[PDB]
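Comments concern the structure below.
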Amino acid sequence: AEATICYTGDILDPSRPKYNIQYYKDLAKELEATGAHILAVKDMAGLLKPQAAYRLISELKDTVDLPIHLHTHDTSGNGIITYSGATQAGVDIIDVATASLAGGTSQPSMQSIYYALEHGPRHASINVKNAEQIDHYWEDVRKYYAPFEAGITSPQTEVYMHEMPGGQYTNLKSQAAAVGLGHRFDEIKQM
Amino acid sequence: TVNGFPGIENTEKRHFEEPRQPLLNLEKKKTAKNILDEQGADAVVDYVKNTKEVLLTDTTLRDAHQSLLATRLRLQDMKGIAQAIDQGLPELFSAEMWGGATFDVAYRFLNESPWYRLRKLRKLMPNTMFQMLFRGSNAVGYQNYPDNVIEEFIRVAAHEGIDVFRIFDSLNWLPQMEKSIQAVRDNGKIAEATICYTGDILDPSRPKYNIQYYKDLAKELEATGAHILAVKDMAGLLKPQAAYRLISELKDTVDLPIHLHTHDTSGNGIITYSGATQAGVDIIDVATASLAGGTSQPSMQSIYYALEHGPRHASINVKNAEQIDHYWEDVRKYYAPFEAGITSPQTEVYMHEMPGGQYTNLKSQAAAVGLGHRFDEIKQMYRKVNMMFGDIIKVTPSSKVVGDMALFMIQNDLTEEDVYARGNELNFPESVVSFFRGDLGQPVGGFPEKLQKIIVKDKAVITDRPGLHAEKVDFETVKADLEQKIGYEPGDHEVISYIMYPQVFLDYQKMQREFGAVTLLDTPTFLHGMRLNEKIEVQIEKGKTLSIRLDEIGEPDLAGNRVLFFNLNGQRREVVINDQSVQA
Amino acid sequence: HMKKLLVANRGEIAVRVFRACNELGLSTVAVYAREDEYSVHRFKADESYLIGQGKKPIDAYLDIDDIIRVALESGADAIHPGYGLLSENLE
Ligand SMILES: [Mg+2]
Ligand SMILES: [Mn+2]
Ligand SMILES: [Mn+2]
């Protein structure tokens, strides 16, 4: 059983004190009160900044004894560095995707996270040559799904403002495109 | 309209919204351009040294669209946002807006002068340092030029507004950079001596480019009067631990500020920049978010939020950067025919070390001929060719050498032992024989001398600076010849660009005489022409705006010509154009 | 001292003043409403500028502040009002 804390807001921002580090600490204690085997941190919208990642993982590791499983998205382009900062703080498991299906709203690449931690104090437990061999199949079969692909994908730090998850972003874009409001999707995000 | 833009599909022109204009919170502050203006380059160096934040160099205007949009980004799109970048982002150390492939690409494919782009951007961006990528002895060409040509290019570029010269050699050979560094110093500008990073300093199995090699090259570059040491990672090979180690060792070695430039090809650009920021790097090259990632630079907004609560912050106004990125996102849609496609992090760049421009050009050259279905074998050939040449530094133009050698070797089905034993009979590609003849300079550790004897046959091999063996150029003779070729007396910039790219400049002049200043058109109109009943407005100068409307496209006659029924400035004008499809 | 003149009018009188200014060696600045974009007088001058954006075209040609703003930013030394719009206007 992986009890999961959905991360939101910013622990290092004093102007948003509702989701602060103490809230996550007491929630982690409550989850460890249940017999859950692994504590999970769900960053569904890629909101976890690297310094915030280090602080949160350190404060959870000195609070509970459960192993920590971090899951984040790379929509702001900061997924790899957030994972590395959590690796410094002592995170146990991190959620990665293959390189051909990584980046953007998806998870950070597992090959990229191997080479990010290659000569640091903590390595990534993976066979990176095997993963790079799997990634060829994954891009070849990604070419099959061209009608379901999104457009040009670039890192977007505006997710730190509207905090939309990637699926919510795509569904709100589809709703704004089906009805005649897509020319004010920026107003939709501000809304 | 009738024949399509060359090199792209002849699709219809999509309707485009106007690009979103930023809402900026302007804060006046003294920029590095101002310090270079009143005080000297050394005061700029002191300003960089005394800044605790990491400084940012925007590569949006040069390298971001060189990597992603095949350098096709036009001045007309830069002009709508240049003032917004200059005012809304005054914390930028410099803006990389010139050099590299921009000089060739503007003249050849965009039919606009790089000098005209530099002048217009300099007028629009008074408080922003302008940075160009200078190839040392090659300057903005691919061959070598005599010393006075390089000095005249530096003088004209510094006079027209280039503030920072990033000077690199494709094989990290200091003799091919000393004179350019001196000329930049003499012209009152900042000289950035550049180390091209290759290999892996933390991999003991590859000792040719280890930490000591970079330290020795660094003190050699500090022996010249270069103001800033630049670390160029053209393929994104610099891993984060390697970045921390390399920047720490360089900061122990030299007193120059360090300027790190990397690509995000492996998806590790942000973390590499963060590791260099921990090691004490001074300036890092970033792109706007809409033109970042993949083969381009790491995002400026992303690197702000990566270092937001660390010991060192990024010196940028991130809200203004996001507002500018809205415009960049909108104008990227104009360049859909030049997009690479679906992109993803690829750590295979650690294996073949192909820079992104070399990757795209090798993909184009491999798919244009019919053998592109084994591009994985092509990349493996590239890696083994690089190992065969003696593990050379692969950047423009020596990356072209390795690429052409690998392309020849799988195009005609060669092998390492094939070249090493019976290679004396094949006609080798001319870039490889020019590299092995010493036209690109001297590699680290020397050539593979007996293999060099296989490549070169009965051609002269030189072992010194190729600029010493260069035919002299007289500027009055060239200027008089150019005044004969073009219909007027050229400027110094025209003379110097005619020296480097003679046929390209003359073709640009012919296209100027035929089509005029096509740089003033908007990019959808530039690439797709006009649709029926469309109204466009072309501001040809201040106070003059051509109102152009396409009313009817005539059927092609027996001679293959079409009559296009325009409404120019209210009046009907019938334009006859030859349709190339019908062919008379 | 005069080198550039603006005409705060349209139609044939603007062209008449433009021809007189060209004979006298002065530069010419035209103004035009959006609905007058195909007028000949717009294209008979050295510089032309849109005035009264969003207004009715007659009210656009009576936009006093916009006309002086255009004349100032264009560097026009003088304004010829022609007739019928602001020639007799004291303000
Ligand atoms: Mg500093
Ligand atoms: Mn998820
Ligand atoms: Mn680059």
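Here is how names work: the chains are called A, B, and so on, in the same order as the sequence lines, proteins then strands, and each is numbered from 1. For the numbers below, each heavy atom of this structure counts, side chains included, while hydrogens, waters and symmetry mates do not.
For the pair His313(B) and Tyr304(B), the minimum side-chain heavy-atom distance is 4.5 Å or more. Put simply, the side chain of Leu70(A) reaches to within 4.5 Å of the side chain of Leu48(A), judged on heavy atoms. Between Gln380(B) and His352(B) there is no side-chain heavy-atom pair separated by less than 4.5 Å. Residues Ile134(A) and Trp138(A) have side chains in contact (heavy-atom distance under 4.5 Å, counting atoms from C-beta outward). Counting heavy atoms from C-beta on, the side chains of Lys173(A) and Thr170(A) never come closer than 4.5 Å. Between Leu56(B) and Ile284(B), the closest side-chain pair of non-hydrogen atoms falls below 4.5 Å. By the 4.5 Å heavy-atom criterion applied to side chains, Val286(B) and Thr57(B) are not counted as neighbours. Here the side chains of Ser266(B) and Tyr115(A) are not in contact, with every heavy-atom distance at 4.5 Å or above.
We find that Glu322(B) and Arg20(B) are not joined by a salt bridge, their nearest charged nitrogen and carboxylate oxygen being 4.0 Å or further apart. Of the charged side-chain nitrogens involved, none lies within less than 4.0 Å of a carboxylate oxygen, so that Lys61(A) and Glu32(A) do not count as a salt-bridged pair. Comment: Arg383(B) does not engage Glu353(B) in a salt bridge, judged by the lack of any side-chain N to carboxylate O separation of less than 4.0 angstrom. A salt bridge does not link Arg142(A) with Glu139(A): none of the charged nitrogens is closer than 4.0 Å to a carboxylate oxygen. Taking 4.0 Å as the cut-off between side-chain N and carboxylate O, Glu53(B) and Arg312(B) do not count as a salt-bridged pair.
Separating the CG atom in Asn386(B) from the CE atom in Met354(B) is a distance of 11.5 Å, to the nearest 0.5 Å. Note that CD1 of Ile5(A) and CG of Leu60(A) are 5.5 Å apart. Values are rounded to the nearest 0.5 Å. The CG atom of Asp95(A) sits 5.0 Å away from atom OH of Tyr83(A), with the distance rounded to the nearest 0.5 Å. For the atom pair OG1 of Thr265(B) and CD of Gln297(B), the computed distance is 9.0 Å after rounding to the nearest 0.5 Å. Atom CG of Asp43(A) and atom OG1 of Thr72(A) lie 3.0 Å apart (nearest 0.5 Å). Here the straight-line distance linking atom CZ of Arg74(B) with atom OH of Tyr335(B) works out to 5.5 Å at 0.5 Å rounding.
Closest of all the heavy-atom pairs between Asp74(A) and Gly103(A) is CB-CA, 4.3 Å. Smallest separation of non-hydrogen atoms from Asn317(B) and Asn320(B): ND2-ND2, 3.1 Å. Taking each heavy atom of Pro108(A) and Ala102(A) in turn, the nearest pair found is C-CB, 4.0 Å. When every heavy atom of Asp186(A) is checked against every heavy atom of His326(B), the shortest pair comes out as OD2-CE1, 3.8 Å. Counting all heavy atoms, side chain and backbone alike, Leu47(A) lies closest to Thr8(A) at CD1-CA, 3.8 Å. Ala52(A) and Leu12(A) make their closest contact through N-CD1, 3.6 Å (heavy atoms, listed as atom of the first residue, atom of the second, distance).
Put simply, the residue from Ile316(B), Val54(B), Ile270(B) that forms a side-chain contact (heavy atoms from CB on, under 4.5 Å) with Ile303(B) is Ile270(B).
When atom types are taken as modelled, the side chain of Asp135(A) and the backbone of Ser100(A) share a donor-acceptor pair closer than 3.5 angstrom. For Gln51(A) (side chain) and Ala306(B) (main-chain N/O), no donor-acceptor pair under 3.5 Å exists by modelled atom type. No donor-acceptor pair under 3.5 Å is formed between the side chain of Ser109(A) and the backbone N or O of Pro345(B). With hydrogens and angles ignored, the 3.5 Å screen pairs no side-chain donor or acceptor of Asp13(A) with any backbone N or O of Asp10(A). Remark: the backbone N or O of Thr295(B) is paired with a side-chain donor or acceptor of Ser67(B) at under 3.5 angstrom.
For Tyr24(A) and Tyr7(A), the ring centers sit closer than 6.0 Å to each other. For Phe375(B) and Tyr359(B), the ring centers sit closer than 6.0 Å to each other.
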Please walk me through it: do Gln156(A) and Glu158(A) pass side chain to side chain donor-acceptor pair (under 3.5 Å)?
CA-CA 5 Å; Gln156(A) 175 67 285; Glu158(A) 272 180 328; 3.0 Å; yes
Verdict with supporting geometry, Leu307(B) and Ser274(B), side chain to side chain contact (heavy atoms under 4.5 Å, CB included)
CA-CA 7 Å; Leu307(B) 312 162; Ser274(B) 160; 4.1 Å; yes
Between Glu118(A) and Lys239(B), is the side chain to side chain contact (heavy atoms under 4.5 Å, CB included) condition met? List the steps.
CA-CA 8 Å; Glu118(A) 190 178 28; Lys239(B) 277 151 220 203; 3.3 Å; yes
For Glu339(B) and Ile152(A), what are the C-alpha separation, side-chain angles and deciding distance, and is it a side chain to side chain contact (heavy atoms under 4.5 Å, CB included)?
CA-CA 9 Å; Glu339(B) 292 277 356; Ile152(A) 279 292; 3.4 Å; yes
Decide yes or no on side chain to side chain contact (heavy atoms under 4.5 Å, CB included) for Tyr19(A) and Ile11(A), but give the supporting numbers first.
CA-CA 6 Å; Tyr19(A) 302 120; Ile11(A) 47 141; 6.0 Å; no
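Counting heavy atoms of neighbouring residues, nucleotides and ligands inside a 6.0 Å radius, atom CD of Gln190(A) does not exceed 12 of them. Surrounding NE2 of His37(A) are at most 12 heavy atoms belonging to other residues, nucleotides or ligands under 6.0 Å away.
Residue pairs meeting the ring pair (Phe, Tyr, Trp, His ring centres under 6.0 Å) criterion with at least one partner in residues 38-82 of chain A, sequence neighbours excluded, are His71(A)-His73(A).
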